[PDB]
$ cat model09.pdb   # PDB, C-alpha atoms (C1' of nucleotides)
ATOM      1  CA  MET A   1       7.687 -74.442   0.556  1.00  0.00           C
ATOM      2  CA  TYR A   2       6.742 -72.465  -2.556  1.00  0.00           C
ATOM      3  CA  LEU A   3       8.850 -70.027  -4.594  1.00  0.00           C
ATOM      4  CA  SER A   4       7.091 -67.507  -6.833  1.00  0.00           C
ATOM      5  CA  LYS A   5       7.499 -64.291  -8.827  1.00  0.00           C
ATOM      6  CA  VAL A   6       4.814 -61.680  -8.119  1.00  0.00           C
ATOM      7  CA  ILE A   7       4.028 -58.196  -9.468  1.00  0.00           C
ATOM      8  CA  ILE A   8       2.136 -55.537  -7.501  1.00  0.00           C
ATOM      9  CA  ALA A   9       0.156 -52.686  -9.102  1.00  0.00           C
ATOM     10  CA  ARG A  10       1.563 -49.171  -8.595  1.00  0.00           C
ATOM     11  CA  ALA A  11      -1.630 -47.995  -6.882  1.00  0.00           C
ATOM     12  CA  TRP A  12      -0.878 -50.628  -4.235  1.00  0.00           C
ATOM     13  CA  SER A  13       2.884 -50.096  -4.021  1.00  0.00           C
ATOM     14  CA  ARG A  14       3.913 -46.778  -2.464  1.00  0.00           C
ATOM     15  CA  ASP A  15       5.268 -47.928   0.901  1.00  0.00           C
ATOM     16  CA  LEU A  16       6.897 -51.194   1.984  1.00  0.00           C
ATOM     17  CA  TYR A  17       3.898 -51.460   4.304  1.00  0.00           C
ATOM     18  CA  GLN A  18       1.678 -51.468   1.213  1.00  0.00           C
ATOM     19  CA  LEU A  19       3.866 -54.167  -0.342  1.00  0.00           C
ATOM     20  CA  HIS A  20       3.483 -56.284   2.796  1.00  0.00           C
ATOM     21  CA  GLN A  21      -0.273 -55.758   3.135  1.00  0.00           C
ATOM     22  CA  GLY A  22      -0.691 -56.347  -0.597  1.00  0.00           C
ATOM     23  CA  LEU A  23       1.383 -59.525  -0.742  1.00  0.00           C
ATOM     24  CA  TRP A  24      -0.515 -60.672   2.341  1.00  0.00           C
ATOM     25  CA  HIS A  25      -3.767 -61.295   0.462  1.00  0.00           C
ATOM     26  CA  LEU A  26      -2.305 -64.247  -1.443  1.00  0.00           C
ATOM     27  CA  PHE A  27      -2.760 -66.427   1.646  1.00  0.00           C
ATOM     28  CA  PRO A  28      -6.273 -66.138   3.162  1.00  0.00           C
ATOM     29  CA  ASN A  29      -6.104 -67.470   6.729  1.00  0.00           C
ATOM     30  CA  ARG A  30      -6.921 -65.526   9.892  1.00  0.00           C
ATOM     31  CA  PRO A  31      -5.112 -65.363  12.100  1.00  0.00           C
ATOM     32  CA  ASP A  32      -2.425 -67.697  10.767  1.00  0.00           C
ATOM     33  CA  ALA A  33      -0.779 -65.648  12.308  1.00  0.00           C
ATOM     34  CA  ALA A  34       1.949 -65.538   9.625  1.00  0.00           C
ATOM     35  CA  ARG A  35       3.966 -64.258   7.679  1.00  0.00           C
ATOM     36  CA  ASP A  36       5.062 -67.723   6.659  1.00  0.00           C
ATOM     37  CA  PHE A  37       6.683 -65.977   3.710  1.00  0.00           C
ATOM     38  CA  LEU A  38       9.690 -63.861   2.735  1.00  0.00           C
ATOM     39  CA  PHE A  39      10.135 -61.585  -0.276  1.00  0.00           C
ATOM     40  CA  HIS A  40      12.789 -59.622  -2.173  1.00  0.00           C
ATOM     41  CA  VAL A  41      12.087 -56.581  -4.356  1.00  0.00           C
ATOM     42  CA  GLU A  42      14.107 -56.637  -7.585  1.00  0.00           C
ATOM     43  CA  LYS A  43      12.251 -54.041  -9.673  1.00  0.00           C
ATOM     44  CA  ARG A  44      10.515 -51.181  -7.877  1.00  0.00           C
ATOM     45  CA  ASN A  45       8.918 -49.203 -10.720  1.00  0.00           C
ATOM     46  CA  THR A  46       5.653 -49.633 -12.653  1.00  0.00           C
ATOM     47  CA  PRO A  47       4.303 -51.022 -15.059  1.00  0.00           C
ATOM     48  CA  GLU A  48       2.800 -53.329 -14.209  1.00  0.00           C
ATOM     49  CA  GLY A  49       3.917 -52.788 -10.629  1.00  0.00           C
ATOM     50  CA  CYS A  50       6.884 -53.872  -8.554  1.00  0.00           C
ATOM     51  CA  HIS A  51       8.494 -57.239  -9.240  1.00  0.00           C
ATOM     52  CA  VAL A  52       9.053 -59.454  -6.215  1.00  0.00           C
ATOM     53  CA  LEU A  53      10.681 -62.804  -5.463  1.00  0.00           C
ATOM     54  CA  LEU A  54       8.421 -64.478  -2.915  1.00  0.00           C
ATOM     55  CA  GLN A  55       9.393 -67.469  -0.783  1.00  0.00           C
ATOM     56  CA  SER A  56       6.475 -68.908   1.192  1.00  0.00           C
ATOM     57  CA  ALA A  57       4.973 -71.959   2.903  1.00  0.00           C
ATOM     58  CA  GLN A  58       1.877 -71.962   0.685  1.00  0.00           C
ATOM     59  CA  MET A  59       0.847 -71.547  -2.947  1.00  0.00           C
ATOM     60  CA  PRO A  60      -0.017 -67.939  -3.876  1.00  0.00           C
ATOM     61  CA  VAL A  61      -3.314 -67.119  -5.583  1.00  0.00           C
ATOM     62  CA  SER A  62      -3.303 -64.013  -7.772  1.00  0.00           C
ATOM     63  CA  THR A  63      -5.489 -61.058  -6.838  1.00  0.00           C
ATOM     64  CA  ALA A  64      -6.501 -57.883  -8.658  1.00  0.00           C
ATOM     65  CA  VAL A  65      -3.530 -55.944  -7.279  1.00  0.00           C
ATOM     66  CA  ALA A  66      -1.154 -58.898  -6.840  1.00  0.00           C
ATOM     67  CA  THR A  67      -0.320 -60.946  -9.936  1.00  0.00           C
ATOM     68  CA  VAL A  68       1.607 -64.224  -9.818  1.00  0.00           C
ATOM     69  CA  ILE A  69       3.717 -64.935 -12.902  1.00  0.00           C
ATOM     70  CA  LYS A  70       5.327 -68.239 -11.920  1.00  0.00           C
ATOM     71  CA  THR A  71       5.044 -70.660  -8.988  1.00  0.00           C
ATOM     72  CA  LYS A  72       7.422 -73.408  -7.848  1.00  0.00           C
ATOM     73  CA  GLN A  73       7.448 -76.288  -5.383  1.00  0.00           C
ATOM     74  CA  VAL A  74      11.035 -76.656  -4.209  1.00  0.00           C
ATOM     75  CA  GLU A  75      13.124 -78.842  -1.915  1.00  0.00           C
ATOM     76  CA  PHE A  76      16.483 -77.404  -0.868  1.00  0.00           C
ATOM     77  CA  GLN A  77      19.058 -80.186  -1.110  1.00  0.00           C
ATOM     78  CA  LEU A  78      22.319 -78.749   0.199  1.00  0.00           C
ATOM     79  CA  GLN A  79      25.615 -80.639   0.273  1.00  0.00           C
ATOM     80  CA  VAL A  80      28.554 -79.930   2.577  1.00  0.00           C
ATOM     81  CA  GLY A  81      31.703 -78.074   1.533  1.00  0.00           C
ATOM     82  CA  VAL A  82      30.289 -76.878  -1.782  1.00  0.00           C
ATOM     83  CA  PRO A  83      30.831 -73.289  -3.022  1.00  0.00           C
ATOM     84  CA  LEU A  84      27.650 -71.333  -3.814  1.00  0.00           C
ATOM     85  CA  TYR A  85      26.371 -67.912  -4.887  1.00  0.00           C
ATOM     86  CA  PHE A  86      24.178 -65.946  -2.482  1.00  0.00           C
ATOM     87  CA  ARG A  87      22.111 -62.768  -2.343  1.00  0.00           C
ATOM     88  CA  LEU A  88      20.595 -61.267   0.801  1.00  0.00           C
ATOM     89  CA  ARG A  89      18.937 -57.911   1.368  1.00  0.00           C
ATOM     90  CA  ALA A  90      19.205 -57.386   5.108  1.00  0.00           C
ATOM     91  CA  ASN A  91      18.873 -54.811   7.871  1.00  0.00           C
ATOM     92  CA  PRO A  92      22.181 -54.772   9.785  1.00  0.00           C
ATOM     93  CA  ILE A  93      21.497 -52.982  13.057  1.00  0.00           C
ATOM     94  CA  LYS A  94      22.605 -52.371  16.615  1.00  0.00           C
ATOM     95  CA  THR A  95      20.059 -52.235  19.409  1.00  0.00           C
ATOM     96  CA  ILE A  96      21.161 -49.520  21.818  1.00  0.00           C
ATOM     97  CA  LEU A  97      19.256 -47.313  24.210  1.00  0.00           C
ATOM     98  CA  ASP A  98      18.508 -43.767  23.318  1.00  0.00           C
ATOM     99  CA  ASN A  99      20.946 -40.871  23.799  1.00  0.00           C
ATOM    100  CA  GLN A 100      17.768 -38.843  23.933  1.00  0.00           C
ATOM    101  CA  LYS A 101      15.956 -39.781  27.108  1.00  0.00           C
ATOM    102  CA  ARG A 102      12.696 -40.544  25.307  1.00  0.00           C
ATOM    103  CA  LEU A 103      10.117 -42.698  27.074  1.00  0.00           C
ATOM    104  CA  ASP A 104       8.385 -45.825  25.806  1.00  0.00           C
ATOM    105  CA  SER A 105       5.018 -47.180  26.968  1.00  0.00           C
ATOM    106  CA  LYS A 106       6.432 -48.696  30.174  1.00  0.00           C
ATOM    107  CA  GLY A 107       8.003 -45.487  31.480  1.00  0.00           C
ATOM    108  CA  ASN A 108      11.508 -46.871  31.035  1.00  0.00           C
ATOM    109  CA  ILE A 109      14.107 -45.655  28.560  1.00  0.00           C
ATOM    110  CA  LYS A 110      13.380 -46.383  24.910  1.00  0.00           C
ATOM    111  CA  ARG A 111      15.631 -48.478  22.679  1.00  0.00           C
ATOM    112  CA  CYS A 112      16.688 -47.738  19.116  1.00  0.00           C
ATOM    113  CA  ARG A 113      17.974 -49.875  16.270  1.00  0.00           C
ATOM    114  CA  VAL A 114      20.754 -48.079  14.411  1.00  0.00           C
ATOM    115  CA  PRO A 115      22.327 -48.905  11.035  1.00  0.00           C
ATOM    116  CA  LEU A 116      25.896 -50.200  10.846  1.00  0.00           C
ATOM    117  CA  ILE A 117      27.506 -47.705   8.474  1.00  0.00           C
ATOM    118  CA  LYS A 118      30.894 -49.411   8.027  1.00  0.00           C
ATOM    119  CA  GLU A 119      31.469 -52.340   5.644  1.00  0.00           C
ATOM    120  CA  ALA A 120      33.532 -54.346   8.153  1.00  0.00           C
ATOM    121  CA  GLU A 121      30.701 -54.230  10.695  1.00  0.00           C
ATOM    122  CA  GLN A 122      28.174 -55.225   8.025  1.00  0.00           C
ATOM    123  CA  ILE A 123      30.204 -58.214   6.817  1.00  0.00           C
ATOM    124  CA  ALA A 124      30.920 -59.157  10.434  1.00  0.00           C
ATOM    125  CA  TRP A 125      27.167 -58.974  11.006  1.00  0.00           C
ATOM    126  CA  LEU A 126      26.633 -61.261   8.003  1.00  0.00           C
ATOM    127  CA  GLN A 127      29.144 -64.008   8.822  1.00  0.00           C
ATOM    128  CA  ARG A 128      27.954 -63.700  12.420  1.00  0.00           C
ATOM    129  CA  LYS A 129      24.337 -64.311  11.391  1.00  0.00           C
ATOM    130  CA  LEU A 130      25.329 -67.267   9.214  1.00  0.00           C
ATOM    131  CA  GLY A 131      27.640 -68.757  11.840  1.00  0.00           C
ATOM    132  CA  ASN A 132      28.475 -72.457  11.657  1.00  0.00           C
ATOM    133  CA  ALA A 133      25.952 -72.873   8.836  1.00  0.00           C
ATOM    134  CA  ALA A 134      28.274 -71.390   6.215  1.00  0.00           C
ATOM    135  CA  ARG A 135      31.501 -69.436   5.739  1.00  0.00           C
ATOM    136  CA  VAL A 136      31.632 -66.275   3.630  1.00  0.00           C
ATOM    137  CA  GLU A 137      34.238 -66.851   0.918  1.00  0.00           C
ATOM    138  CA  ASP A 138      33.647 -63.531  -0.825  1.00  0.00           C
ATOM    139  CA  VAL A 139      31.133 -60.736  -0.301  1.00  0.00           C
ATOM    140  CA  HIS A 140      30.006 -57.529  -1.979  1.00  0.00           C
ATOM    141  CA  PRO A 141      28.025 -55.241   0.355  1.00  0.00           C
ATOM    142  CA  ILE A 142      25.794 -53.111  -1.863  1.00  0.00           C
ATOM    143  CA  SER A 143      24.700 -49.855  -0.258  1.00  0.00           C
ATOM    144  CA  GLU A 144      20.990 -49.230  -0.762  1.00  0.00           C
ATOM    145  CA  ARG A 145      18.724 -46.209  -0.456  1.00  0.00           C
ATOM    146  CA  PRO A 146      17.147 -45.702   2.966  1.00  0.00           C
ATOM    147  CA  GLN A 147      13.558 -46.948   2.904  1.00  0.00           C
ATOM    148  CA  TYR A 148      10.783 -45.071   4.695  1.00  0.00           C
ATOM    149  CA  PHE A 149       7.250 -46.155   5.469  1.00  0.00           C
ATOM    150  CA  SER A 150       3.849 -45.278   6.870  1.00  0.00           C
ATOM    151  CA  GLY A 151       1.265 -46.793   9.196  1.00  0.00           C
ATOM    152  CA  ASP A 152      -0.334 -47.436  11.427  1.00  0.00           C
ATOM    153  CA  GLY A 153       0.321 -44.009  12.948  1.00  0.00           C
ATOM    154  CA  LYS A 154       4.114 -44.096  12.782  1.00  0.00           C
ATOM    155  CA  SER A 155       6.666 -42.929  10.211  1.00  0.00           C
ATOM    156  CA  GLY A 156       9.894 -44.916  10.246  1.00  0.00           C
ATOM    157  CA  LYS A 157      13.139 -45.942   8.567  1.00  0.00           C
ATOM    158  CA  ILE A 158      14.720 -49.171   7.327  1.00  0.00           C
ATOM    159  CA  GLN A 159      18.278 -48.862   6.025  1.00  0.00           C
ATOM    160  CA  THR A 160      19.081 -51.936   3.944  1.00  0.00           C
ATOM    161  CA  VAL A 161      22.255 -53.589   2.656  1.00  0.00           C
ATOM    162  CA  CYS A 162      22.299 -56.018  -0.269  1.00  0.00           C
ATOM    163  CA  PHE A 163      24.938 -58.739   0.118  1.00  0.00           C
ATOM    164  CA  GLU A 164      25.997 -60.578  -3.044  1.00  0.00           C
ATOM    165  CA  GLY A 165      28.760 -63.178  -3.052  1.00  0.00           C
ATOM    166  CA  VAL A 166      30.193 -66.676  -2.682  1.00  0.00           C
ATOM    167  CA  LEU A 167      29.960 -68.863   0.431  1.00  0.00           C
ATOM    168  CA  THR A 168      30.692 -72.459   1.453  1.00  0.00           C
ATOM    169  CA  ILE A 169      28.307 -74.756   3.328  1.00  0.00           C
ATOM    170  CA  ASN A 170      29.491 -76.246   6.617  1.00  0.00           C
ATOM    171  CA  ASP A 171      26.144 -77.409   7.998  1.00  0.00           C
ATOM    172  CA  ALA A 172      23.169 -78.012   5.702  1.00  0.00           C
ATOM    173  CA  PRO A 173      20.142 -78.226   8.054  1.00  0.00           C
ATOM    174  CA  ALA A 174      21.162 -75.005   9.830  1.00  0.00           C
ATOM    175  CA  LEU A 175      21.428 -73.214   6.484  1.00  0.00           C
ATOM    176  CA  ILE A 176      18.045 -74.566   5.378  1.00  0.00           C
ATOM    177  CA  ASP A 177      16.630 -73.211   8.636  1.00  0.00           C
ATOM    178  CA  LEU A 178      18.251 -69.835   7.941  1.00  0.00           C
ATOM    179  CA  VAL A 179      16.707 -69.720   4.467  1.00  0.00           C
ATOM    180  CA  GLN A 180      13.255 -70.818   5.635  1.00  0.00           C
ATOM    181  CA  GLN A 181      13.008 -68.605   8.726  1.00  0.00           C
ATOM    182  CA  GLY A 182      14.948 -65.622   7.381  1.00  0.00           C
ATOM    183  CA  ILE A 183      17.971 -63.608   8.480  1.00  0.00           C
ATOM    184  CA  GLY A 184      17.894 -60.355  10.438  1.00  0.00           C
ATOM    185  CA  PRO A 185      15.176 -57.762  11.175  1.00  0.00           C
ATOM    186  CA  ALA A 186      12.638 -56.133   8.824  1.00  0.00           C
ATOM    187  CA  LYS A 187      11.557 -59.500   7.418  1.00  0.00           C
ATOM    188  CA  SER A 188       8.157 -57.970   6.666  1.00  0.00           C
ATOM    189  CA  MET A 189       9.816 -55.064   4.848  1.00  0.00           C
ATOM    190  CA  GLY A 190      11.432 -57.292   2.226  1.00  0.00           C
ATOM    191  CA  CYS A 191      14.510 -58.459   4.117  1.00  0.00           C
ATOM    192  CA  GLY A 192      15.865 -61.816   5.245  1.00  0.00           C
ATOM    193  CA  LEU A 193      15.352 -63.807   2.054  1.00  0.00           C
ATOM    194  CA  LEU A 194      18.591 -65.676   1.390  1.00  0.00           C
ATOM    195  CA  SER A 195      18.832 -66.661  -2.276  1.00  0.00           C
ATOM    196  CA  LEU A 196      21.307 -69.363  -3.287  1.00  0.00           C
ATOM    197  CA  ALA A 197      22.660 -70.616  -6.613  1.00  0.00           C
ATOM    198  CA  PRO A 198      25.397 -72.874  -7.966  1.00  0.00           C
ATOM    199  CA  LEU A 199      28.559 -71.466  -9.561  1.00  0.00           C
TER     200      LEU A 199
ATOM    201  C1'   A B   1     -62.128   5.078   4.026  1.00  0.00           C
ATOM    202  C1'   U B   2     -59.462   9.737  -1.701  1.00  0.00           C
ATOM    203  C1'   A B   3     -63.809  10.933  -9.410  1.00  0.00           C
ATOM    204  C1'   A B   4     -63.300   6.789  -4.209  1.00  0.00           C
ATOM    205  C1'   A B   5     -65.628   2.069  -3.275  1.00  0.00           C
ATOM    206  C1'   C B   6     -67.367  -3.039  -5.514  1.00  0.00           C
ATOM    207  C1'   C B   7     -64.094  -4.160 -10.392  1.00  0.00           C
ATOM    208  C1'   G B   8     -60.471 -10.570 -15.903  1.00  0.00           C
ATOM    209  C1'   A B   9     -60.064  -8.027 -22.107  1.00  0.00           C
ATOM    210  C1'   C B  10     -61.740 -12.272 -22.790  1.00  0.00           C
ATOM    211  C1'   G B  11     -62.067 -16.896 -26.167  1.00  0.00           C
ATOM    212  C1'   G B  12     -60.295 -19.580 -31.392  1.00  0.00           C
ATOM    213  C1'   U B  13     -55.147 -20.429 -34.783  1.00  0.00           C
ATOM    214  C1'   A B  14     -48.608 -25.649 -38.433  1.00  0.00           C
ATOM    215  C1'   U B  15     -45.488 -20.848 -41.455  1.00  0.00           C
ATOM    216  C1'   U B  16     -45.486 -24.304 -44.669  1.00  0.00           C
ATOM    217  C1'   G B  17     -43.133 -27.213 -49.523  1.00  0.00           C
ATOM    218  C1'   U B  18     -37.963 -27.454 -53.345  1.00  0.00           C
ATOM    219  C1'   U B  19     -31.950 -26.634 -52.937  1.00  0.00           C
ATOM    220  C1'   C B  20     -23.345 -29.733 -53.860  1.00  0.00           C
ATOM    221  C1'   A B  21     -20.338 -24.223 -52.567  1.00  0.00           C
ATOM    222  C1'   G B  22     -17.850 -25.711 -55.998  1.00  0.00           C
ATOM    223  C1'   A B  23     -12.600 -26.005 -59.012  1.00  0.00           C
ATOM    224  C1'   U B  24      -6.291 -24.262 -58.734  1.00  0.00           C
ATOM    225  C1'   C B  25      -1.645 -24.086 -54.694  1.00  0.00           C
ATOM    226  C1'   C B  26       6.405 -26.746 -51.579  1.00  0.00           C
ATOM    227  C1'   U B  27       6.826 -22.450 -46.448  1.00  0.00           C
ATOM    228  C1'   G B  28      11.031 -22.759 -48.579  1.00  0.00           C
ATOM    229  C1'   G B  29      16.972 -21.535 -47.597  1.00  0.00           C
ATOM    230  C1'   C B  30      21.479 -20.432 -43.062  1.00  0.00           C
ATOM    231  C1'   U B  31      22.780 -22.266 -37.126  1.00  0.00           C
ATOM    232  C1'   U B  32      28.412 -26.032 -31.194  1.00  0.00           C
ATOM    233  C1'   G B  33      25.078 -24.643 -26.003  1.00  0.00           C
ATOM    234  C1'   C B  34      30.527 -24.404 -24.931  1.00  0.00           C
ATOM    235  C1'   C B  35      33.991 -23.370 -20.252  1.00  0.00           C
ATOM    236  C1'   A B  36      34.587 -25.078 -13.570  1.00  0.00           C
ATOM    237  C1'   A B  37      33.071 -29.350  -9.720  1.00  0.00           C
ATOM    238  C1'   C B  38      35.083 -35.644  -3.681  1.00  0.00           C
ATOM    239  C1'   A B  39      29.087 -36.433  -1.462  1.00  0.00           C
ATOM    240  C1'   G B  40      31.676 -36.987   2.895  1.00  0.00           C
ATOM    241  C1'   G B  41      30.683 -35.804   8.250  1.00  0.00           C
ATOM    242  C1'   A B  42      27.706 -39.293  10.461  1.00  0.00           C
ATOM    243  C1'   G B  43      26.252 -45.911  14.068  1.00  0.00           C
ATOM    244  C1'   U B  44      18.766 -42.254  15.821  1.00  0.00           C
ATOM    245  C1'   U B  45      15.315 -46.079  13.157  1.00  0.00           C
ATOM    246  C1'   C B  46       9.060 -44.716  14.309  1.00  0.00           C
ATOM    247  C1'   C B  47       5.484 -49.147  17.630  1.00  0.00           C
ATOM    248  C1'   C B  48       4.993 -53.494  20.465  1.00  0.00           C
ATOM    249  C1'   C B  49       6.839 -58.475  22.889  1.00  0.00           C
ATOM    250  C1'   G B  50      10.714 -61.923  25.367  1.00  0.00           C
ATOM    251  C1'   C B  51      15.792 -62.126  27.728  1.00  0.00           C
ATOM    252  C1'   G B  52      19.802 -59.208  28.930  1.00  0.00           C
ATOM    253  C1'   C B  53      21.951 -54.456  30.517  1.00  0.00           C
ATOM    254  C1'   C B  54      29.150 -49.644  32.163  1.00  0.00           C
ATOM    255  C1'   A B  55      27.154 -54.064  27.377  1.00  0.00           C
ATOM    256  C1'   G B  56      22.956 -55.235  24.039  1.00  0.00           C
ATOM    257  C1'   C B  57      20.710 -60.021  21.479  1.00  0.00           C
ATOM    258  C1'   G B  58      16.423 -61.369  19.283  1.00  0.00           C
ATOM    259  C1'   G B  59      10.967 -62.215  17.635  1.00  0.00           C
ATOM    260  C1'   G B  60       6.614 -59.445  15.084  1.00  0.00           C
ATOM    261  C1'   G B  61       4.522 -55.113  12.250  1.00  0.00           C
TER     262        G B  61
END

$ encode --input "model09.pdb" --output "structure tokens"
Amino acid sequence: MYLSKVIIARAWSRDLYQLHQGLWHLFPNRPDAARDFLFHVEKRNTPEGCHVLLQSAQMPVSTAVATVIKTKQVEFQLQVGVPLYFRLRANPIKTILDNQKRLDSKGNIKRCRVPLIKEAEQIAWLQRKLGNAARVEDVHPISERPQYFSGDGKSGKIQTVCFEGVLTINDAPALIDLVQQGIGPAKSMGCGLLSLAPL
RNA sequence: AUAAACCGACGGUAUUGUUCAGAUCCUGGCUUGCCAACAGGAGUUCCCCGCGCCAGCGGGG
């Protein structure tokens, strides 16, 4: 597992799709299939590009558009019952089936993921996702701008929520699994990266 | 097919050498951009795949 800080040129950073496709070229294997990586956008505006915190299973190699600043080999050593700081940009949703009777490819009724617009439901979603791995001691749900994107031929939305707070570890391997694999949908759109720190 | 018809105005040639546009000059003095203002109602968020479905839960992009 490798943790890095990467910057992407503005000309290759208009949509989250462009961020994904641009970050992709740091690991040349086809088809891996991958992503074996997660990332979190901290600064969105140029120059030089957009700053990103990239967790991966390989060592990134800088390209023309994607520039690595620092790289780290890291082993998460988590102890039980220890208070920690956490940050997680996530996509809290509810899969429901459409009030409009739109049709998918199979001729059945289409489903839609909808944002949870109430704090209680978001926090409930969070502690639910964590489960027996950890218990949320304190949480700040930061409301973000709705993100839009393009490609391949579809224009869609990703409403994100940025959780920042304190938690306590109950089970370490489960939490390591949560960090490594990611939490929630839109993992390719810069969600699911759980960042931890000591207080 | 007409004072028409047939029917070259043709050949040869550096415009050349010399030349500071120079010296003098504050654009200065006087100026509030002020008065009024919840962003809140909203769970739609576009494409696949697996398992559910008076519910929905996930995995990819």

$ closest_residue --input "model09.pdb" --among "A:171, A:83, A:54, A:115" --to "residue A:146" --atoms "all atoms listed in the file"
A:115

$ resolve_selection --input "model09.pdb" --expression "the PyMOL selection byres ((chain B) within 6 of (chain A))" --output "list in words"
residues 43, 45 and 46 of chain B

$ write_last_selection --input "model09.pdb" --atoms "C-alpha atoms (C1' of nucleotides)" --output "PDB file, in the coordinates of the input"
ATOM      1  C1'   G B  43      26.252 -45.911  14.068  1.00  0.00           C
ATOM      2  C1'   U B  45      15.315 -46.079  13.157  1.00  0.00           C
ATOM      3  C1'   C B  46       9.060 -44.716  14.309  1.00  0.00           C
TER       4        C B  46
END

$ axis_aligned_box --input "model09.pdb" --around "stretch 12-21 of chain B" --padding-each-side "6 Å" --output "JSON"
{"center_x": -40.3, "center_y": -24.7, "center_z": -42.6, "size_x": 52.0, "size_y": 22.2, "size_z": 34.5}

$ resolve_selection --input "model09.pdb" --expression "the PyMOL selection byres ((chain A and resi 60-63) around 10)" --output "ChimeraX atom specification"
/A:2-8,22-28,54-59,64-71

$ closest_residue --input "model09.pdb" --among "A:73, A:46, A:21, A:168" --to "residue A:127" --atoms "all atoms listed in the file"
A:168

$ atom_distance --input "model09.pdb" --atom1 "atom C1' of residue B:49" --atom2 "atom CA of residue A:92"
20.5 Å

$ residues_around --input "model09.pdb" --residues "residue A:135" --least-positions-apart "5" --cutoff "9 Å" --atoms "all atoms listed in the file" --output "PDB file with C-alpha atoms, in the coordinates of the input"
ATOM      1  CA  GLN A 127      29.144 -64.008   8.822  1.00  0.00           C
ATOM      2  CA  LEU A 130      25.329 -67.267   9.214  1.00  0.00           C
ATOM      3  CA  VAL A 166      30.193 -66.676  -2.682  1.00  0.00           C
ATOM      4  CA  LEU A 167      29.960 -68.863   0.431  1.00  0.00           C
ATOM      5  CA  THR A 168      30.692 -72.459   1.453  1.00  0.00           C
ATOM      6  CA  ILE A 169      28.307 -74.756   3.328  1.00  0.00           C
ATOM      7  CA  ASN A 170      29.491 -76.246   6.617  1.00  0.00           C
TER       8      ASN A 170
END

$ resolve_selection --input "model09.pdb" --expression "the PyMOL selection byres ((chain A and resi 75) around 10)" --output "ChimeraX atom specification"
/A:1-2,72-74,76-78,176

$ atom_distance --input "model09.pdb" --atom1 "atom CA of residue A:177" --atom2 "atom CA of residue A:133"
9.3 Å

$ decode --input "model09.pdb" --residues "stretch 46-59 of chain A" --atoms "N, CA and C atoms" --output "PDB file, in the first residue's frame"
ATOM      1  N   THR A  46      -6.268  25.536 -10.013  1.00  0.00           N
ATOM      2  CA  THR A  46      -4.920  25.657 -10.567  1.00  0.00           C
ATOM      3  C   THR A  46      -4.323  27.006 -10.150  1.00  0.00           C
ATOM      4  N   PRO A  47      -2.984  27.150 -10.180  1.00  0.00           N
ATOM      5  CA  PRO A  47      -1.888  26.246 -10.556  1.00  0.00           C
ATOM      6  C   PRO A  47      -1.336  25.459  -9.362  1.00  0.00           C
ATOM      7  N   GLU A  48      -0.624  24.355  -9.599  1.00  0.00           N
ATOM      8  CA  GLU A  48      -0.365  23.829 -10.941  1.00  0.00           C
ATOM      9  C   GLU A  48      -1.578  23.098 -11.500  1.00  0.00           C
ATOM     10  N   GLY A  49      -2.329  22.454 -10.616  1.00  0.00           N
ATOM     11  CA  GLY A  49      -3.554  21.783 -11.005  1.00  0.00           C
ATOM     12  C   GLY A  49      -4.500  21.650  -9.829  1.00  0.00           C
ATOM     13  N   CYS A  50      -4.944  20.423  -9.588  1.00  0.00           N
ATOM     14  CA  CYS A  50      -5.707  20.091  -8.400  1.00  0.00           C
ATOM     15  C   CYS A  50      -4.854  19.174  -7.538  1.00  0.00           C
ATOM     16  N   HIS A  51      -4.824  19.460  -6.241  1.00  0.00           N
ATOM     17  CA  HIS A  51      -4.070  18.655  -5.292  1.00  0.00           C
ATOM     18  C   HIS A  51      -4.932  17.498  -4.813  1.00  0.00           C
ATOM     19  N   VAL A  52      -4.308  16.333  -4.684  1.00  0.00           N
ATOM     20  CA  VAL A  52      -5.015  15.089  -4.421  1.00  0.00           C
ATOM     21  C   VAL A  52      -4.224  14.223  -3.448  1.00  0.00           C
ATOM     22  N   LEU A  53      -4.937  13.578  -2.529  1.00  0.00           N
ATOM     23  CA  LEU A  53      -4.333  12.620  -1.614  1.00  0.00           C
ATOM     24  C   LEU A  53      -4.693  11.215  -2.080  1.00  0.00           C
ATOM     25  N   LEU A  54      -3.700  10.502  -2.597  1.00  0.00           N
ATOM     26  CA  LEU A  54      -3.921   9.249  -3.309  1.00  0.00           C
ATOM     27  C   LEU A  54      -3.429   8.033  -2.530  1.00  0.00           C
ATOM     28  N   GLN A  55      -4.364   7.174  -2.141  1.00  0.00           N
ATOM     29  CA  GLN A  55      -4.030   5.895  -1.527  1.00  0.00           C
ATOM     30  C   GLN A  55      -4.138   4.815  -2.593  1.00  0.00           C
ATOM     31  N   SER A  56      -3.121   3.964  -2.699  1.00  0.00           N
ATOM     32  CA  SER A  56      -3.064   2.978  -3.774  1.00  0.00           C
ATOM     33  C   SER A  56      -2.388   1.681  -3.342  1.00  0.00           C
ATOM     34  N   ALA A  57      -2.337   0.714  -4.253  1.00  0.00           N
ATOM     35  CA  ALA A  57      -1.668  -0.556  -3.993  1.00  0.00           C
ATOM     36  C   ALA A  57      -0.348  -0.647  -4.751  1.00  0.00           C
ATOM     37  N   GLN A  58       0.031   0.445  -5.407  1.00  0.00           N
ATOM     38  CA  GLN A  58       1.276   0.497  -6.168  1.00  0.00           C
ATOM     39  C   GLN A  58       1.932   1.864  -6.039  1.00  0.00           C
ATOM     40  N   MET A  59       3.167   1.969  -6.515  1.00  0.00           N
ATOM     41  CA  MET A  59       3.897   3.229  -6.467  1.00  0.00           C
ATOM     42  C   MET A  59       3.621   4.035  -7.732  1.00  0.00           C
TER      43      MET A  59
END
